[PDB]
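Asker: Okay, here's the structure, questions in a sec.
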Amino acid sequence: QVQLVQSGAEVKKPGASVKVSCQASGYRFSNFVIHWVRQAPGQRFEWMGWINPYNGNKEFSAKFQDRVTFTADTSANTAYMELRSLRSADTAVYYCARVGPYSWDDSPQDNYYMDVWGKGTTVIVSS
Amino acid sequence: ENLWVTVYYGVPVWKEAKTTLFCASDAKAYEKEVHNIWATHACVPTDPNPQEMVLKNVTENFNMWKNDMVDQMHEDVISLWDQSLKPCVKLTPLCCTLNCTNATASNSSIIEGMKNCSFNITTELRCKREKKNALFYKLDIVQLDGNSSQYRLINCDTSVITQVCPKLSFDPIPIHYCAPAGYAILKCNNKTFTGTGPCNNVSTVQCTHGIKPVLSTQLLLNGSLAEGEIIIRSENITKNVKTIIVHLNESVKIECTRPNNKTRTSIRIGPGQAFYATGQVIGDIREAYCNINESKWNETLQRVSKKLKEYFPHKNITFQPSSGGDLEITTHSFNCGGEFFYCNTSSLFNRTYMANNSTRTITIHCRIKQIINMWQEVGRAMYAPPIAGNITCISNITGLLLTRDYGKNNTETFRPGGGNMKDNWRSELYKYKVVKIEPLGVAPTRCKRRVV
């Protein structure tokens, strides 16, 4: 089986930072890109970005590039995210994800669909 | 009484330390009048004779995992490409957007592997935008957007791309590595060394034997062989390990070919420069493929599994294909002739075992790409120009870079992996180490000078 396990829930101050972790099992962590996804109550999911633990290349949605940072460690089987300058709109459930395996017939980046997710973590911006 | 100091110079003892090593290569390519990316950059002469010299009664520590002279190797291999690529003209103007279709190959209404690709480009030095066309492999191409579709190169958005200067050759050559003045190199002539711990038979040499910077994943090819039985090397702290290196004592032939005939087409960006493009396809179309002897491979898997079991003595061992992720892991990678082959190895690693010869050839489908994430580097890529006509290839497989998954009930799942490029050379430079001389020493004795 495949699972991604996350940090505990967070309630943090406005203007400060929130940092989250996502530890994996059932597969070699260094051989799959990892996504980050958020959902506010009743709203769409909003893309945050992706990271590839094998190299550490990063790509952000330009909406969030000044606010978000990722990193991953091959010795920990864990991916980290950091979102700086919290506002009330950041109150949402956050997820990390894993992509499907590439196959011979696929064109590039056909596989970045969400193959597996974690159970999510609640983040609330409050004093 | 009457015991009295003496001092010696030229003493034969040593201590461990880091050093800056010498490159050492052939004089001119394969001693042929052409430019080579490795040999031509100085690297001193074709030193013919290794000064091997054997030591009586020397036991020596060795840590191939922490050895300093793999780091300098990685720094050198990186730097040579970095300096060599710089004068070559770049691909930056072509990164602009694309509008392209399916390609009509010769005598064919379709070809499923090829886009035919049309693009705007500056034809003069810095003006006169015009349309121009070429064709590309898929896996340098991506697409989503527009009311009607719109195409783009894979890497040019995230990273700069430079095409290798066309006359420069990618083929590896034997490079020797010598210590500078004041330092020496030790070997382990032992034919069954684990890689770490004391070494019961040691010899020294000014320069190592020739080492070939073969770029490869998933298989050690065009390399060396273990003199004794097969050797399996792993991190020694824990049962689960970062990587495992298996190094065969007999090497199995691999041949590969790209049968389709390719003609070239050239586009002028620049002043005394030229972007090198891929044009019309010629010949009966097939994908690239490689061939391996079947029965010899069955014996090879029996042998390596026979020794994995010594560590790991319960019933099952399970080898499996690649795990997943982006393509760069999940296909066996190498280059030959002038282009970079990527092969789905899954058919070749589907065996399973339980405890307690020039026929029936297996073939593997193998795919080919032109833009590359070479040295697995942040924010940079390389482009490879096409080569006229078909290509044939031969190489000798020597070992595997494998990995273990998290364990499960009486069943082990071994599949290819490791992946880190430093493990390629750590699989061959395990023998060596570099060391400093302290030529000075002091002692008691029955001797003085005269005060007069």
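Letters A, B, ... go to the chains of the structure tokens in the order shown; residues in each chain start at 1; ligands are counted from 1 in the same order.
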Give the residues of chain A that lie within 10 Å of chain B; count only C-alpha atoms, and format the answer as a PyMOL selection string.

Answerer: chain A and resi 25-34+52+54-59+74-75+98-112

Asker: List the spatial neighbours of residue 44 of chain B as number ranges by chain - criterion: any atom at most 12 Å away, only C-alpha atoms, same-chain residues fewer than 3 positions off excluded.

Answerer: B: 22-28, 38-41, 47-48, 175-178

Asker: Report as a VMD selection string all protein, DNA and RNA residues lying within 6 Å of segment 86-96 of chain A, evaluated on only C-alpha atoms, omitting residues in the same chain fewer than 5 positions from it.

Answerer: chain A and resid 14 to 16 35 to 40 120 to 125

Asker: Could you pull out the alpha helix (DSSP H) residues of segment 181-428 of chain B, going by DSSP on the backbone, and write them as a PDB file with C-alpha atoms, in the first residue's frame?

Answerer:
```
ATOM      1  CA  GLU B 294      18.978 -14.634 -22.838  1.00  0.00           C
ATOM      2  CA  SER B 295      20.487 -17.763 -21.284  1.00  0.00           C
ATOM      3  CA  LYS B 296      23.673 -16.011 -20.144  1.00  0.00           C
ATOM      4  CA  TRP B 297      21.463 -13.415 -18.468  1.00  0.00           C
ATOM      5  CA  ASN B 298      19.501 -16.141 -16.671  1.00  0.00           C
ATOM      6  CA  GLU B 299      22.773 -17.450 -15.249  1.00  0.00           C
ATOM      7  CA  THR B 300      23.729 -13.871 -14.350  1.00  0.00           C
ATOM      8  CA  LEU B 301      20.553 -13.356 -12.313  1.00  0.00           C
ATOM      9  CA  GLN B 302      20.952 -16.747 -10.644  1.00  0.00           C
ATOM     10  CA  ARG B 303      24.512 -15.853  -9.642  1.00  0.00           C
ATOM     11  CA  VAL B 304      23.777 -12.403  -8.188  1.00  0.00           C
ATOM     12  CA  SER B 305      20.727 -13.752  -6.359  1.00  0.00           C
ATOM     13  CA  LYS B 306      22.822 -16.638  -5.019  1.00  0.00           C
ATOM     14  CA  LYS B 307      24.983 -14.095  -3.146  1.00  0.00           C
ATOM     15  CA  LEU B 308      22.264 -11.655  -2.144  1.00  0.00           C
ATOM     16  CA  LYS B 309      20.858 -14.632  -0.232  1.00  0.00           C
ATOM     17  CA  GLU B 310      24.023 -14.991   1.878  1.00  0.00           C
ATOM     18  CA  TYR B 311      23.215 -11.652   3.517  1.00  0.00           C
ATOM     19  CA  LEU B 327      11.160   9.205 -17.104  1.00  0.00           C
ATOM     20  CA  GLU B 328      14.777   9.866 -16.129  1.00  0.00           C
ATOM     21  CA  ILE B 329      14.776   7.010 -13.608  1.00  0.00           C
ATOM     22  CA  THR B 330      12.341   4.568 -15.173  1.00  0.00           C
ATOM     23  CA  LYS B 422      28.148   9.817  -7.961  1.00  0.00           C
ATOM     24  CA  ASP B 423      27.293   6.131  -7.462  1.00  0.00           C
ATOM     25  CA  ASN B 424      28.269   5.481 -11.095  1.00  0.00           C
ATOM     26  CA  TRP B 425      31.919   6.207 -10.379  1.00  0.00           C
ATOM     27  CA  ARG B 426      31.820   5.123  -6.718  1.00  0.00           C
TER      28      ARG B 426
END
```

Asker: Between B:100, B:92, B:82, B:222, which is the closest to residue 116 of chain B once you count only C-alpha atoms?

Answerer: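 For residue 116 of chain B, the nearest of the candidates is B:100.
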
Asker: Just asking: which residues within chain A are strand (DSSP E) according to DSSP, as a PyMOL selection string?

Answerer: chain A and resi 3-6+10-12+18-25+34-39+45-51+58-60+68-73+78-83+92-99+114-117+121-125

Asker: Using only C-alpha atoms, determine which residues lie at most 12 Å from segment 121-135 of chain B, disregarding the query and same-chain residues fewer than 6 positions distant; provide the list as a ChimeraX atom specification.

Answerer: /B:91-105,111,113-115,141,153,262-281,370,385-386

Asker: For residue 21 of chain A, please output as a VMD selection string all residues within 7 Å (counting only C-alpha atoms; exclusion window: fewer than 2 positions along the same chain).

Answerer: chain A and resid 6 to 7 23 78 to 81

Asker: Pull N, CA and C atoms from the residues just selected and write them as a JSON list (two decimals), in the first residue's frame.

Answerer:
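The file below, result35.json, is the result:
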```
[["chain", "number", "residue", "atom", "x", "y", "z"],
["A", 6, "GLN", "N", 1.05, 13.29, 7.46],
["A", 6, "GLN", "CA", 1.27, 14.72, 7.60],
["A", 6, "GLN", "C", 1.41, 15.12, 9.06],
["A", 7, "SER", "N", 1.86, 16.36, 9.26],
["A", 7, "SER", "CA", 2.03, 16.93, 10.59],
["A", 7, "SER", "C", 0.68, 17.15, 11.25],
["A", 23, "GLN", "N", 5.31, 13.09, 5.32],
["A", 23, "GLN", "CA", 6.18, 11.92, 5.31],
["A", 23, "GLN", "C", 5.47, 10.77, 4.62],
["A", 78, "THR", "N", 10.45, 12.68, 3.58],
["A", 78, "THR", "CA", 9.52, 13.72, 3.99],
["A", 78, "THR", "C", 9.73, 14.96, 3.14],
["A", 79, "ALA", "N", 8.62, 15.61, 2.79],
["A", 79, "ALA", "CA", 8.63, 16.90, 2.10],
["A", 79, "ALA", "C", 8.11, 17.98, 3.04],
["A", 80, "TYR", "N", 8.71, 19.16, 2.94],
["A", 80, "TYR", "CA", 8.36, 20.31, 3.76],
["A", 80, "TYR", "C", 7.82, 21.42, 2.87],
["A", 81, "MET", "N", 6.91, 22.22, 3.43],
["A", 81, "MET", "CA", 6.43, 23.43, 2.80],
["A", 81, "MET", "C", 6.43, 24.54, 3.84]]
```

Asker: What does the structure give for the distance between atom CA of residue 97 of chain A and atom CA of residue 157 of chain B, in Å to one decimal?

Answerer: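 Straight-line distance from atom CA of residue 97 of chain A to atom CA of residue 157 of chain B works out to 24.0 Å.
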
Asker: In Å, rounded to a single decimal, give me how far atom CA of residue 373 of chain B is from atom CA of residue 342 of chain B.

Answerer: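 Separation between atom CA of residue 342 of chain B and atom CA of residue 373 of chain B: 12.9 Å.
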
Asker: Could you jot down the atom CA of residue 346 of chain B to atom CA of residue 72 of chain A separation for me, Å, one decimal place?

Answerer: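 Taking atom CA of residue 346 of chain B as the start and atom CA of residue 72 of chain A as the end point, the length is 28.0 Å.
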
Asker: Between B:384, B:290, B:184, B:394, which residue has the minimum interatomic distance to residue 52 of chain B, considering only C-alpha atoms?

Answerer: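 Nearest to residue 52 of chain B: B:184.
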
Asker: Could you name the residues that touch residue 82 of chain A at 9 Å or less, counting only C-alpha atoms, but leaving out those on the same chain fewer than 3 positions away, as a PyMOL selection string?

Answerer: chain A and resi 17-21+67-71
